[PDB]
């Protein structure tokens with residue numbers, strides 16, 4: 012939805028803590 | 334039913350830097 | 364948010380990031396209204412003229428965030444989606460009437476200092492607060508200006524942004540645009556004359572327009588950021604989904620499918 016740069020977001024693990 | 338009360342602001346008795354602006358708008362005009 | 368400022372941490376603990384998995388991007392804003400339910404705009408999830416129809420598996424909700432891009436290990440919670448519920452009379456064909464959607468999280472999120480739900484208004488509160496001149500607050504990680512204006516790089520904010528805006532009289536909203544404005548929309552923003560500025564912008568949509576009740580000190584979500592003609596232009600105002608008008612639909616959905 013029209014809002015970002017390249018390689019912008021830190022990766023998100025699968026944590027439940 | 335505990336909605337709308339911010340742990341870091343209303344629950345502690347602290348105001349954020351601009352909520353005053355909102356209340357002034359309800360009273361002044 | 365245009366002409367806003369960095370949110371204080373925990374200032375808006377119902378703020379939700381609607382995050383696209385692949386390619387990774389901020390889709391929209393959203394709001395936490397209970398431990399299993401998130402509220403947003405329908406146009407964020409469904410708009411066929413741009414071939415847009417997101418399924419539950421395409422997205423993640425990220426709550427408790429302050430930073431736009433970082434994984435905030437000690438604050439944020441990531442949840443998957445169980446079901447999207449769009450307003451069945453959502454009118455994408457013409458003017459985004461009843462631009463409202465609900466999302467059921469697969470598992471209930473635990474509340475925290477950084478994660479806490481907003482209230483939905485009742486009739487009294489709506490009658491009291493939704494008045495021309497009265498200010499609400501809008502927050503999001505959308506753009507800092509219209510794209511391809513001013514300076515490109517400094518377009519996306521580092522941290523969540525907040526701005527306060529006054530509700531505008533219906534006649535001025537109507538006279539400000541050619542689009543058919545309905546009673547499921549209201550509008551907000553300063554007038555050219557009023558010498559202050561500010562607006563939602565691309566990426567903030569679907570997020571909350573909130574007002575603090577002086578009767579009980581609670582924040583109520585009165586609107587959902589819906590549409591505008593550019594961001595922060597003189598004589599233009601942001602338009603917001605009137606959450607109270609559609610509250611009966613929200614409760615119908617939650618009572619039926621909330622386990």
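Protein chains in written order, with the UniProt record's numbering: chain A, 12 to 28; chain B, 334 to 362; chain C, 364 to 622.
Quick reminder that beta carbons are idealized off the backbone N, C-alpha and C, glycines included.
Could you check the C-alpha separation between residue 476 (chain C) and residue 541 (chain C) for me, to the nearest Å?
-> Each residue's Cα considered, the two are about 43 Å apart.
For residue 359 (chain B), name the three-state secondary structure that DSSP assigns.
-> DSSP places residue 359 (chain B) in helix when its eight states are reduced to three.
Under 7 Å between C-beta atoms of residue 415 (chain C) and residue 427 (chain C) | Contact flag unset, no.
Assumed close pair residue 589 (chain C), residue 464 (chain C) - CB separation to whole angstroms, cut-off 8 Å | With a contact defined as Cβ atoms closer than 8 Å, residue 589 (chain C) and residue 464 (chain C) miss out at about 11 Å.
Would you please verify whether the beta carbon of residue 577 (chain C) is less than 7 Å from any beta carbon of chain B?
-> By this cut-off, residue 577 (chain C) is an interface position.
Check each residue of the stretch 351-362 of chain B: if its Cβ is closer than 7 Å to any Cβ of chain F, include it; give the result in chain order.
-> Within the model displayed, chain F is absent; protein chains A, B and C are what it includes.
Same chain, Cβ closer than 8 Å to residue 21 (chain A), five either side skipped, listed in chain order = Excluding the 5 residues flanking it on each side, residue 21 (chain A) has no same chain C-beta neighbour closer than 8 Å.
Do we get a CB-CB distance below 7 Å when we pair residue 582 (chain C) with the residues of chain B?
-> Under the Cβ distance rule, residue 582 (chain C) counts among the residues neighbouring chain B, one pair being separated by less than 7 Å.
Just the Cα atoms here: how many angstroms apart are residue 335 (chain B) and residue 346 (chain B)?
-> Computed Cα separation, rounded: 16 Å.
Option nearest residue 504 (chain C) by Cα separation, candidates C:385, C:410, C:401 and C:425 | When C:385, C:410, C:401 and C:425 are compared, the shortest CA-CA separation from residue 504 (chain C) is found for C:425.
With 7 Å as the C-beta to C-beta threshold (strictly closer), list the residues of the stretch 387-411 of chain C near chain A in chain order.
-> Residues 387, 388, 389, 390, 391 and 407.
Span of the beta strand (DSSP E) holding residue 486 (chain C)?
-> Careful: residue 486 (chain C) lies outside any beta strand (DSSP E), inside the alpha helix (DSSP H) at 486-492.
Going along chain B, which residues have a C-beta under 9 Å from residue 559 (chain C)?
-> Listed by position along chain B, the residues whose Cβ is nearer than 9 Å to that of residue 559 (chain C) form an empty set, because the closest Cβ is around 10 Å away.
Tell me, please, whether the CB atom of residue 433 (chain C) is closer than 7 Å to any CB atom in chain A?
-> Closer than 7 Å: yes.
Do residue 468 (chain C) and residue 399 (chain C) have their CB atoms nearer than 7 Å?
-> When the beta-carbon positions are compared, residue 468 (chain C) and residue 399 (chain C) come within less than 7 Å of each other.
What did DSSP end up calling residue 445 (chain C) once you bin it into helix, strand or coil?
-> Residue 445 (chain C) falls in the strand class under three-state DSSP.
Quick one: Cα of residue 478 (chain C) to Cα of residue 395 (chain C), how far?
-> Cα-Cα distance, rounded: 8 Å.
What's the call for residue 446 (chain C), buried or exposed, on a 16-neighbour Cβ count within 10 Å?
-> So residue 446 (chain C) counts as exposed.
Excluding sequence positions up to five away, which residues of its chain have a Cβ less than 6 Å from the Cβ of residue 597 (chain C)?
-> Excluding the 5 residues flanking it on each side, residue 597 (chain C) has same chain C-beta neighbours closer than 6 Å at 555, in chain order.
Would a check of beta-carbon distances place residue 463 (chain C) closer than 7 Å to chain A?
-> Taking CB atoms only, residue 463 (chain C) has no neighbour in chain A less than 7 Å away.
How about residue 366 (chain C): is its C-beta nearer than 7 Å to some C-beta of chain A?
-> Not a single CB atom of chain A sits nearer than 7 Å to the CB of residue 366 (chain C).
Within 7 Å (strictly less), CB to CB, does residue 479 (chain C) reach chain B?
-> At least one chain B Cβ lies under 7 Å of residue 479 (chain C).
Contacts around residue 489 (chain C), its chain only, beta-carbon distance under 6 Å, and the 5 residues preceding and following it disregarded | Excluding sequence neighbours, residue 489 (chain C) sits near 607.
Note down, in chain order, each residue of its chain lying with its Cβ closer than 6 Å to the Cβ of residue 321 (chain C), except the 5 sequence neighbours on either side.
-> It is not possible to answer for residue 321 (chain C), since the shown part of chain C is limited to 364 through 622.
Looking at the structure shown, is residue 390 (chain C) part of a helix, part of a strand, or coil, going by DSSP?
-> Strand at residue 390 (chain C).
Straight-line gap, residue 624 (chain C) to residue 622 (chain C) (C-alpha atoms, nearest Å) = This structure leaves residue 624 (chain C) out entirely; chain C is present only between 364 and 622.
Give the C-beta separation of residue 574 (chain C) and residue 355 (chain B) to the nearest angstrom, bearing in mind that I take them to be a contact with Cβ-Cβ under 8 Å.
-> Going by Cβ atoms, the distance from residue 574 (chain C) to residue 355 (chain B) rounds to 7 Å, so yes, they are a contact pair.
Can you find a C-beta in chain B that's less than 7 Å from the C-beta of residue 376 (chain C)?
-> So, interface residue.
Anything in the stretch 501-522 of chain C with a Cβ closer than 8 Å to a Cβ of chain A? List those residues in chain order, please.
-> For the stretch 501-522 of chain C, the residues whose beta carbon sits under 8 Å from a beta carbon of chain A are, in order, 504, 505, 506, 510 and 519.
Short CB-CB distance (under 7 Å) between residue 348 (chain B) and chain C = So, not an interface residue.
Could you tell me if residue 25 (chain A) is buried or exposed, where buried requires 16 or more neighbouring beta carbons within 10 angstroms of its beta carbon?
-> Residue 25 (chain A) is exposed by the Cβ-count criterion.
From what residue to what residue does the alpha helix (DSSP H) around residue 500 (chain C) run?
-> It is not in any alpha helix (DSSP H) - residue 500 (chain C) instead sits in the beta strand (DSSP E) that spans 498-503.
Between the stretch 519-533 of chain C and the stretch 611-620 of chain C, are three or more C-beta pairs nearer than 8 Å?
-> Result no; under three Cβ-Cβ pairs closer than 8 Å.
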